[PDB]
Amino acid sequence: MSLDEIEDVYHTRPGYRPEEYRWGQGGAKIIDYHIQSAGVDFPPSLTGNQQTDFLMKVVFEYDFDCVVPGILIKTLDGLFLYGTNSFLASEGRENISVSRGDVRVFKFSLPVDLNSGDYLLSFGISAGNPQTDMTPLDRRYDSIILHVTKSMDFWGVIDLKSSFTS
């Protein structure tokens, strides 16, 4: 993805769902995304035991002292499996600040240790100030379909990777 482009091309990417429910109060726009794993841009399926990167590109229309990107994964039938954001997932505790006109890319990296099936991915962006509050600016809910093909043998929705000893 290019930081010098601000066109909303999100809808053009592999896995995009026209069934997305987009909402938000405005002031920033999630204008693109990228998914990659094991050297492949937009792999047709994801799998466990390797990293996948989930990238979102945002253009900000105002200065904000604090911006918080987030991700959500649901089952195809709508069960919330896993959601996180920069406040929960970052090692550091510093606010991400932006200036009017800034274009930023946010990257969530995780091993997709889910059982085989289809899952729904969402990206969101919130912003605000410590002395006021945080507000959802753009939320692209259930906007990307993920096909998972497991690479380990396990049962249930998540591979907890147990060891075994006798």
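In case it trips you up, residue 1 is the first one in the sequence shown, and so on.
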For this session: Quick one: say whether 90 to 98 or 67 to 75 has the higher mean Cα B-factor in the deposited entry.
Result: 90 to 98
For this session: For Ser151, return the chain-relative third of its C-alpha B-factor as stated in the PDB record: lowest, middle or highest.
Result: highest
For this session: Please place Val103 in the lowest, middle or highest third of its chain by C-alpha B factor as given in the entry.
Result: highest
Seminar exercise, completed: For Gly128, the third of its chain by CA B-factor is the lowest
For this session: Going by the recorded CA B-factors, say which third of the chain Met134 sits in, lowest, middle or highest.
Result: lowest
For this session: State the tercile, meaning the lowest, middle or highest third, of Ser109 with respect to the CA B-factors recorded for its chain.
Result: lowest
